[PDB]
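Colleague: Here's a structure for you.
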Amino acid sequence: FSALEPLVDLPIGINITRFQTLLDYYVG
Amino acid sequence: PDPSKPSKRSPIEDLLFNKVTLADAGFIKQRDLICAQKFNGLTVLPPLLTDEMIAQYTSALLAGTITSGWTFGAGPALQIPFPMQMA
Amino acid sequence: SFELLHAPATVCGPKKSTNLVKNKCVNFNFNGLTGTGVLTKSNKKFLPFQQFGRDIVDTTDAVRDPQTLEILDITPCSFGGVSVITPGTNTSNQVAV
Amino acid sequence: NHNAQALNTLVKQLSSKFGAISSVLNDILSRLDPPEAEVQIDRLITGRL
Amino acid sequence: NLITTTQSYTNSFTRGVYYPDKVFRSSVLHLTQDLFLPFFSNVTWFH
């Protein structure tokens, strides 16, 4: 058990739909 | 009653004030518990008879029913040797 | 030429620094988030991103000073019920409160 | 238990909005002006009562 | 270059839970409603 403390908000009104790494990698 | 103890409660009344883990949310005292409900317009008035009295109404009614039998609840307490009241 | 439609504003002008946060004396009558109570210092350990602290039922009883560190736990002002003890206006007119 | 339970359900029903934009009255007063506040506050009062 | 690698499918166990808000709390058991990674679900172990 480990909790994930926030890092930053970055108020960005943008609509994301995709992503990927570059240079492990368990997408859930 | 136990003389040694401060509260003057019997060795069984003490086994009873410990098991019932309660909390008076009307602390004249100043994170302990929800007892801070006292902070929203609610209050908990204290009972008129402190549990030092209730436990001293019971020392009587227990000292009268040992030394008198059933007589003290019908008139003046009239003493009577215990092993004869039991007879 | 100001901009205000999109992702929250950057520019603005809040106040600051009323005073010396005013540990005890039920005075410290706000902090960041608006609170009204006795507001002084505490001894909690707010996980240094966490700022205020609820109790079991959603009432914030702790806050950190914004400009400093200052984990201040708050406590409500005071109150009760003034009850008036009287011998009965037939006997006398003095009351205990 | 039953007493602390009903005395806790009472408190935690203060933060329900019963159909107001928020539960906080200070808010709805610093925010929206008297008449359009009178509406919301009437809902919160019916509920909290 | 294209240094690629493999895939998998693993059982995302009791983890993936984040402080849902910046509110301190002590010895409580809160009951949130946020977006979490449901327990014992499937993660796609990319290599």
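All positions are counted from 1 along the displayed chain.
If you're wondering, the header gives electron microscopy, 3.1 Å.
Using the three backbone atoms N, Cα and C, a Cβ is placed for every residue, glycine included.
These came from Swiss-Prot, pasted as-is:
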type	residues	note
DISULFID	C:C25-C:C77	disulfide bond
CARBOHYD	C:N90	N-linked glycosylation site
REGION	C:6-28	region 'Disordered'
Colleague: Near the Cβ of C:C77 (disulfide bond), how many other Cβ atoms are there if near means within 10 Å?
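Modeller: By my count, 12.
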Colleague: Run through the region 'Disordered' (C:6-28) and tell me, per DSSP, how many residues are helix, strand and coil.
Modeller: 0 helix, 0 strand, 23 coil
Colleague: Please report the distance from the Cα of C:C77 (disulfide bond) to the Cα of the residue listed as 'N-linked glycosylation site', rounded to the nearest angstrom.
Modeller: 37
Colleague: C-alpha of C:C25 (disulfide bond) to C-alpha of C:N90 (N-linked glycosylation site): distance in Å?
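Modeller: Cα-Cα distance, C:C25 (disulfide bond) to C:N90 (N-linked glycosylation site): 42 Å.
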Colleague: Rank the recorded positions C:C25, C:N90 by the number of other Cβ atoms within 10 Å of each Cβ and report the first-ranked residue.
Modeller: C:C25
Colleague: Through the lens of DSSP with three states only, how would you label C:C77 (disulfide bond)?
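Modeller: In the DSSP reduction, C:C77 (disulfide bond) maps to coil.
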